[PDB]
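Engineer: Line order of the protein sequences matches chains b and q.
All letters in the first sequence, in the order written, are residues 2 to 55, 77 to 131 by the entry's author numbering.
201 is the number of the first residue of the second sequence in the entry's author numbering; add one for each residue after it.
Cβ coordinates follow ideal geometry from the N, Cα and C atoms, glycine included.
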Amino acid sequence: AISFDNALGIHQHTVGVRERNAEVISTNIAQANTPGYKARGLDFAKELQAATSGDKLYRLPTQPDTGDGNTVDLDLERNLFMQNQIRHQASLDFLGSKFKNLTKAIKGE
Amino acid sequence: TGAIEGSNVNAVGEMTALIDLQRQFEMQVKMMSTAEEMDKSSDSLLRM
Numbered sequence: 002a003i004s005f006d007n008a009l010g011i012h013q014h015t016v017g018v019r020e021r022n023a024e025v026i027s028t029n030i031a032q033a034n035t036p037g038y039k040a041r042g043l044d045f046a047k048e049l050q051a052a053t054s055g077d078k079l080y081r082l083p084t085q086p087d088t089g090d091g092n093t094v095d096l097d098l099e100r101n102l103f104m105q106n107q108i109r110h111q112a113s114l115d116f117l118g119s120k121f122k123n124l125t126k127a128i129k130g131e
Numbered sequence: 201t202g203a204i205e206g207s208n209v210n211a212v213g214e215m216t217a218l219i220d221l222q223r224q225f226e227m228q229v230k231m232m233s234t235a236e237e238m239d240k241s242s243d244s245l246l247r248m
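Below, the structure is given as structure tokens:
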């Protein structure tokens, strides 16, 4: 034992995935008005598995498009972006406390 | 022969169509206004 992997856990890979998800969600919000653009989804479980050791998912629209072809539901995108930011803040707190505890033990302070 | 045929426009029929087109037009305009009103409200979600 006594290794950074065994000490940090999955809180280092989770942060990267949460930032990846925010990039995907922000892309859907920006491309909301572009006709023909299809909303992009991200699988957290698969992304976390790939990050730990190392495809395109589309979001099914709740209602038909008005003709443009864009399936971005901006009501859902804001809700997911808000959730992603909260869980990302927790992951930073979880990962940040891993380093603080490691520093505390190696210095006894 | 000796006569000219006029138009068959029913003036009342057009006028009653006009007043119904106005009201239906105005009701949909209110739908546009309440659509952006909902959109403005659902913007504090990302306002941390």
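1) What does DSSP give as the partner residue(s) for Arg41/b in the beta ladder?
2) Give the secondary structure of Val229/q by DSSP, where H, G and I count as helix, E and B as strand, and everything else as coil.
3) Going along chain b, which residues have a C-beta under 7 Å from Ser242/q?
4) Are the CB atoms of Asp44/b and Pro83/b within a distance shorter than 8 Å?
5) Just the C-alpha distance for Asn106/b and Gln222/q, rounded to the nearest angstrom, thanks.
6) Are the C-beta of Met248/q and some C-beta of chain b separated by less than 8 Å?
7) In whole angstroms, what is the alpha-carbon distance linking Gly89/b and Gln32/b?
8) Please report how far the alpha carbon of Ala127/b lies from the alpha carbon of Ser119/b, in whole angstroms.
9) Can you have a look at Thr93/b and say buried or exposed, based on whether 16 or more other CB atoms are within 10 angstroms of its CB?
10) Starting from the C-beta of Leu79/b, find all residues in its chain whose C-beta is less than 7 Å away, skip the five residues before and the five after it, and write them out in chain order.
11) With respect to the alpha helix (DSSP H) encompassing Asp95/b, which residues constitute its N-terminal and C-terminal limits?
Structural biologist: Let's see:
1) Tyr80/b
2) helix
3) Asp97, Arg100
4) no
5) 46 Å
6) yes
7) 16 Å
8) 12 Å
9) buried
10) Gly42, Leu43, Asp44
11) No alpha helix (DSSP H) contains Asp95/b, which DSSP labels as neither H nor E.
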